[PDB]
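Just so you know, residue 1 is the first one in the sequence shown, and it goes up from there.
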Amino acid sequence: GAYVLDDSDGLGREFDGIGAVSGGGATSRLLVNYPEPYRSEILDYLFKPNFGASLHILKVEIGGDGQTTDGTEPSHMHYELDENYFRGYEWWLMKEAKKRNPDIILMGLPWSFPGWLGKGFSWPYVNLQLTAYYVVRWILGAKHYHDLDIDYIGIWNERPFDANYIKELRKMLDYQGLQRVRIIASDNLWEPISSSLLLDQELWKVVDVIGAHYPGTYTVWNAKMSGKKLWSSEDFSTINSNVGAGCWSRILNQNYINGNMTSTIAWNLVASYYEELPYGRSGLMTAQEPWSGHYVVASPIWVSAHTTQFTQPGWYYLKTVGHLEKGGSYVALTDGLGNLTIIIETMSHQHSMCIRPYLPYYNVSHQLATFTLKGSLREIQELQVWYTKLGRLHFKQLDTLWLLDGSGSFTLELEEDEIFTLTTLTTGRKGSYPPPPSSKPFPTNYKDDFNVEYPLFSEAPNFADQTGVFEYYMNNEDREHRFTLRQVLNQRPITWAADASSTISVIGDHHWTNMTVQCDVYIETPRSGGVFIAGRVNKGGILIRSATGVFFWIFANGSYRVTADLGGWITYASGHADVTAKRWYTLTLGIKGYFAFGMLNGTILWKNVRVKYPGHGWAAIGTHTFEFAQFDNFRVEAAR
Ligand SMILES: *[C@@H]1O[C@H](CO)[C@@H](O[C@@H]2O[C@H](CO)[C@@H](O)[C@H](O)[C@H]2NC(C)=O)[C@H](O)[C@H]1NC(C)=O
Ligand SMILES: *[C@@H]1O[C@H](CO)[C@@H](O[C@@H]2O[C@H](CO)[C@@H](O)[C@H](O)[C@H]2NC(C)=O)[C@H](O)[C@H]1NC(C)=O
Ligand SMILES: *[C@@H]1O[C@H](CO)[C@@H](O[C@@H]2O[C@H](CO)[C@@H](O)[C@H](O)[C@H]2NC(C)=O)[C@H](O)[C@H]1NC(C)=O
Ligand SMILES: *[C@@H]1O[C@H](CO)[C@@H](O)[C@H](O)[C@H]1NC(C)=O
Ligand SMILES: O=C1NC[C@H](CO)[C@H](O)[C@@H]1O
Ligand SMILES: [Ca+2]
């Protein structure tokens with residue numbers, strides 16, 4: 001019936017911000033080679049204040065060279081004694097975010113680790129000091145090379161924590177003058193971190209935030225008892241149609257209401273990865289076509305704005321928040337300066353399902369809501385109004401509501417799948433750029449000779465590594481192949497996902513079915529080394545081990561194989577070939593209907609080999625194991 005909003009009895013918990021995740025894994029892969037002005041426009045919609053999603057928080061993966069859901073991300077230390085703070089795109093992303101919002105909050109978290117940290121095992125807690133040293137290098141690098149202050153550091157994404165590691169990490173941070181950096185744990189479930197904090201005073205002292213993943217808007221008693229800030233440190237992960245926006249809308253409100261969570265962070269920031277990779281199009285917006293410049297400002301952008309444009313970290317929740325009588329919810333916040341923001345959501349069950357978890361049915365129906373401002377809120381008699389309807393009108397500013405009544409009260413008519421923001425703030429704005437170019441398939445003819453002397457990013461565009469790491473490589477001691485692409489891992493990472501046994505980078509249009517792929521390849525390991533080119537590669541990311549297609553392998557022992565799978569269990573053809581290590585060869589692979597052929601240096605090696613059909617997928621390059629190899633003059637012609 002009537003809902004009292006008051007502050008005379010005090011405030012709720014401090015609000016900590018809304019954010020999103022770039023990483024886990026390579027979710028921002030295709031954003032970096034967007035032409036201007038589009039790339040800058042995309043970033044504005046994400047990070048520019050009073051414009052779009054206007055995010056308060058940016059969380060990034062600390063790359064560990066392993067596969068971490070939609071690709072691998074390069075580490076700052078591939079090997080022992082190796083340090084490089086200019087690989088990948090998270091440095092760039094954080095810097096672009098900070099340019100637009102100097103007050104943005106920055107977080108780092110590892111998914112995987114380079115293999116050498118394991119000292120013989122696939123385990124990051126073998127040498128606590130070594131692993132902490134690795135992580136702290138990254139934070140120092142952020143400051144020293146990019147002028148970035150990292151605000152929070154996590155432990156090991158959705159993986160066991162080690163209490164002694166967390167303590168060593170704190171000691172190491174302090175030792176390097178990073179007392180300011182806060183620790184969030186354990187980016188998994190509420191337990192066992194929450195009970196661990198109650199039982200261990202020393203652990204309690206060094207953990208600042210309990211961050212939980214996909215909590216379904218609820219927390220647990222031990223977490224409440226801890227007295228720690230509680231965050232949904234990863235949520236959402238749902239296709240950014242209207243249903244995803246509904247899910248985002250509902251949990252943004254009810255994570256605090258039901259679970260006392262004062263921050264929610266969406267995976268992921270922007271869908272800049274091939275849509276046929278796992279969890280395709282699960283970003284706040286979509287930007288998966290750098291070749292065309294086409295991007296989509298999806299509904300979740302404006303769902304975000306309803307909170308972010310009218311709240312900042314450091315505001316407080318009112319004690320008076322809750323559910324609506326006929327379904328839906330409301331929250332309210334103030335800044336302690338006279339401002340007030342009210343956020344109301346009525347998302348229906350059929351239009352707000354998240355993937356994790358799925359909620360049992362709940363009813364939502366039309367209703368009236370009366371709000372009465374008590375305490376220091378009564379003195380307010382003007383509120384700006386912002387409105388969104390899903391299923392559609394987005395972030396439209398309505399006529400100002402007046403409370404000149406003296407009643408300090410007002411009433412709203414609510415339907416299903418709606419969002420209302422009522423605020424004293426006058427800075428709201430539905431940011432707008434002209435429409436971007438229409439969607440277009442990946443170019444049916446495509447080439448890259450990798451001839452770039454001072455590349456802006458460490459890897460050639462559109463190549464999405466799914467196991468191993470591929471980089472621009474300059475070799476002064478060779479004129480013909482001075483600038484190539486090199487796979488640089490020489491051992492399996494401490495894995496997060498199930499990385500393939502072979503390295504592989506995919507590129508192009510997953511719809512491609514008839515195609516010709518050509519590349520120069522160079523095997524660096526004598527006797528045992530091997531490389532391939534491939535087409536119709538149908539799976540990647542977390543499922544990269546499941547990839548089928550047509551794979552043309554050559555080996556340094558003078559042999560070749562044609563397989564249906566990346567794992568090489570299934571044979572199409574095999575034989576001998578004049579191939580050794582440390583010599584450049586040109587490979588061609590043609591696939592058309594039921595048949596494939598392969599060429600070595602322009603000369604047929606095999607032809608009319610029968611392959612599964614119908615079938616479709618990307619083109620790819622790679623190496624037999626985690627071994628050095630180079631690639632040059634890549635070309636693909638394909639019919640979609
Ligand atoms: C966090 O959780 C809940 C909110 O879901 C709060 O607990 C009580 O909520 C009921 C209504 O749901 C109120 O009538 C009570 O007054 C609340 N408890 C208290 C002590 O005020 C809870 O307060 C929030 N905070 C904590 C520390 O649990
Ligand atoms: C609401 O918030 C705005 C923005 O924070 C407040 O305006 C600021 O007030 C401080 C001092 O309190 C000044 O130093 C800033 O220059 C002001 N900024 C702007 C953009 O006006 C405002 O006082 C708050 N309260 C109300 C009732 O609007
Ligand atoms: C890929 O190539 C196959 C084989 O050439 C094409 O399938 C043939 O298409 C022609 C004309 O469309 C038909 O007359 C044949 O009967 C088809 N053969 C088979 C085995 O299906 C296929 O259409 C091509 N696809 C694309 C997208 O170019
Ligand atoms: C939802 O509530 C309305 C009003 O109480 C009722 O008419 C309707 O049947 C309910 N729907 C379901 C699925 O319970
Ligand atoms: O950490 C994660 N957790 C789950 C996401 C998918 O829902 C994604 O795999 C992400 O990397
Ligand atoms: Ca070259």
Side-chain angles (χ1 to χ4, degrees), residues 70-71 273-278 280 288-289 291 439-446 462-464 466-467 500-519 521 530-555 559-560 562-577 585-624 631 634 636 638-640:
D70 299 284
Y273 53 99
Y274 296 123
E275 195 179 358
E276 297 89 350
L277 287 167
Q288 56 189 30
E289 294 183 17
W291 48 92
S439 162
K440 298 168 188 61
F442 199 95
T444 52
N445 218 282
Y446 185 86
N462 301 320
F463 275 99
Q466 301 301 323
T467 294
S501 295
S502 294
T503 66
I504 182 169
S505 191
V506 303
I507 189 174
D509 193 341
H510 188 267
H511 291 97
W512 284 343
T513 175
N514 295 330
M515 62 203 297
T516 308
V517 178
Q518 174 171 320
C519 198
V521 302
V531 295
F532 71 88
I533 60 171
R536 289 182 181 171
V537 184
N538 65 349
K539 293 302 174 206
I542 212 159
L543 297 182
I544 183 57
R545 268 189 173 263
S546 305
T548 51
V550 186
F551 300 83
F552 183 11
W553 313 75
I554 61 172
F555 297 90
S559 69
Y560 78 91
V562 186
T563 69
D565 59 310
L566 181 55
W569 289 86
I570 299 192
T571 295
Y572 281 145
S574 67
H576 294 320
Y585 301 98
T586 291
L587 289 172
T588 320
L589 170 66
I591 319 174
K592 188 173 180 50
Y594 279 102
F595 297 94
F597 73 88
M599 287 186 277
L600 179 62
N601 292 340
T603 298
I604 291 291
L605 181 58
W606 50 275
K607 76 166 188 176
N608 280 327
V609 169
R610 190 170 154 162
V611 295
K612 263 284 189 174
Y613 186 84
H616 57 78
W618 301 288
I621 60 173
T623 77
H624 183 242
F631 302 84
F634 174 90
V636 54
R640 166 166 165 159

Could you walk me through whether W553 and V562 pass the side chain to side chain contact (heavy atoms under 4.5 Å, CB included) check?
CA-CA 6 Å; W553 313 75; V562 186; over 6 Å; no
[X] versus [Y], closest heavy-atom pair with distance:
X	Y	value
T467	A500	OG1-N, 3.2 Å
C519	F631	SG-CB, 3.8 Å
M599	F597	CE-CE1, 3.6 Å
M515	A619	CE-CB, 3.6 Å
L600	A577	CD2-CB, 4.5 Å
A547	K539	CB-O, 3.4 Å

Rounded to the nearest 0.5 Å, what separation is found between the [atom1] atom of [X] and the [atom2] atom of [Y]?
X	Y	atom1	atom2	result
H510	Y274	NE2	OH	11.5 Å
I591	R536	CD1	CZ	5.5 Å
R640	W512	CZ	CH2	10.0 Å
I533	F551	CD1	CZ	11.5 Å
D509	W291	CG	CH2	7.5 Å

Considering only heavy atoms from C-beta outward, does the side chain of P441 approach that of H511 to under 4.5 Å?
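No, too far: nothing below the 4.5 Å cut-off.
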Near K607 NZ, under 6.0 Å, is it more than 12 heavy atoms from other residues, nucleotides or ligands?
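Atom NZ in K607 is not packed in, count stays at 12 or less.
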Surrounding NE2 of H616 (heavy atoms of other residues, nucleotides or ligands, distance under 6.0 Å), is the total greater than 12?
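12 or below, so no.
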Donor-acceptor contact present, side-chain [X] to main-chain [Y], <3.5 Å:
X	Y	answer
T444	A639	no
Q466	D70	yes
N601	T603	no
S502	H624	yes
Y273	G541	no
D565	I570	yes

Taking atom types as modelled, find out whether [X] and [Y] have a side-chain donor-acceptor pair closer than 3.5 angstrom.
X	Y	result
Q518	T586	no
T503	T623	yes
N462	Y446	yes
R545	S501	yes

Could you check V531 against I554 for side chain to side chain contact (heavy atoms under 4.5 Å, CB included), going step by step and ending with a plain yes or no?
CA-CA 6 Å; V531 295; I554 61 172; 3.7 Å; yes
Test log, rule side chain to side chain contact (heavy atoms under 4.5 Å, CB included), inputs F634 and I507:
CA-CA 11 Å; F634 174 90; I507 189 174; 3.8 Å; yes
Under 6.0 Å between the ring centres of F442 and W618?
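No, too far apart.
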Mind telling me whether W606 and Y560 have parallel, tilted or perpendicular rings, with 30° and 60° as the class edges?
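It falls in the parallel class, under 30°.
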Identify which one of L566, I621, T563 satisfies the side chain to side chain contact (heavy atoms under 4.5 Å, CB included) criterion when paired with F532.
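The side chain to side chain contact (heavy atoms under 4.5 Å, CB included) with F532 is passed solely by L566 among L566, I621, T563.
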